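> here goes the first bit of my complex:
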Amino acid sequence: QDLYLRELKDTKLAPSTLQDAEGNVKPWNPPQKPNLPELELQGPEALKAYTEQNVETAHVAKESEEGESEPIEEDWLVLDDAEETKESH
């Protein structure tokens, strides 16, 4: 069907200079290559956070420590305050 044929040939070929050969675009007055693959290519890193979330920050955890190796001057206080609790107990 040459209706279908000529329709599909113009359908294929009229944007084929926008897809097959990159002679960017004749009817569109703004250029097409600085829309999606140049501006909007960094789109998702213009739409999400840059240099922390997309670079993802493989980050070292803060090494949380013990009671800093001091028994004496606080274990005696814990012992005497425990005497005071057992007074109150």
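Nice, I can see it. Numbers count the residues shown, from 1 in each chain, chains lettered A, B, ... in the order given.
> could you report the neighbour count for residue A:45?
Using other Cβ atoms under 10 Å, the number of residues around residue A:45 comes to 13. Heads up, the C-betas are built off the backbone N, CA and C, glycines and all.
> again, but for residue A:70
Using other Cβ under 10 Å: residue A:70 sits among 9 other residues.
> same question for residue A:56.
Residue A:56 is flanked by 8 other residues according to other Cβ under 10 Å.
> phi, psi for it please.
Backbone geometry at residue A:56, expressed as degrees, to the nearest 10, gives phi 80, psi -10.
> what about it, distance to residue A:48?
To residue A:48, residue A:56 is 11 Å away according to Cβ to Cβ, to the nearest Å.
> roughly how far apart are residue A:67 and residue A:78?
From residue A:67 to residue A:78 the distance is 11 Å (Cβ to Cβ).
> CA atoms only: put stretch A:74-89 into CSV for me.
Listed next in CSV are the C-alpha coordinates belonging to stretch A:74-89 (Å, rounded to 0.1, in the frame of the first residue of the first chain):
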residue,chain,number,x,y,z
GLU,A,74,36.3,6.7,88.7
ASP,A,75,36.0,3.1,89.8
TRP,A,76,36.6,4.2,93.4
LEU,A,77,33.8,6.8,92.9
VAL,A,78,31.5,4.2,91.4
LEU,A,79,32.3,2.0,94.4
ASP,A,80,31.6,4.7,97.0
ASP,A,81,28.4,5.9,95.2
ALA,A,82,27.3,2.2,95.1
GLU,A,83,27.8,2.2,98.9
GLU,A,84,25.5,5.2,98.9
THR,A,85,22.9,3.4,96.8
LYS,A,86,23.0,0.4,99.1
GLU,A,87,22.6,2.9,101.9
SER,A,88,19.5,4.0,100.1
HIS,A,89,18.6,0.5,99.1
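> let's put chain B on the structure above:
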Amino acid sequence: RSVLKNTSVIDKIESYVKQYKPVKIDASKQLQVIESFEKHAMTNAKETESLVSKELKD
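One more piece, chain B, placed on the ones above:
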């Protein structure tokens, strides 16, 4: 990864995860201080345990 047809980053952040695959280790650092706390605890415990065993029979 086969979802994104225009991939270009999934091997990058894949390698970024496999870089940080030795993530970070923990700490069972306490082998000097925790023995001191259980030493004081076991000392007071054995003192109290023998004391009340004496005082019950007394």
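> can you check the neighbour count of residue A:70 again with chain B included?
For residue A:70, the neighbour count with other Cβ atoms under 10 Å in any protein chain shown is 11.
> quick one: it and chain B, what's the gap?
With distances taken as Cβ to the nearest Cβ, to the nearest Å, residue A:70 is found 8 Å from chain B.
> so what's that residue up against?
Listed by Cβ atoms under 8 Å, 6 or more residues apart in numbering or on different chains, the contact set of residue A:70 is empty.
> same thing but at 10 Å, please
Taking Cβ atoms under 10 Å, 6 or more residues apart in numbering or on different chains, we find residue A:70 in contact with B:33, B:36.
> now swap in the one 5 residues further on and tell me
Applying Cβ under 10 Å, 6+ apart, one finds that residue A:75 lies in contact with B:36, B:37, B:40, B:41, B:44.
> repeat that with 7 Å
Residue A:75 makes contact with residue B:40 under the criterion Cβ atoms under 7 Å, 6 or more residues apart in numbering or on different chains.
> and it, helix, strand or coil?
The local conformation at residue A:75, judged by DSSP: H, G, I helix; E, B strand; the rest coil, is helix.
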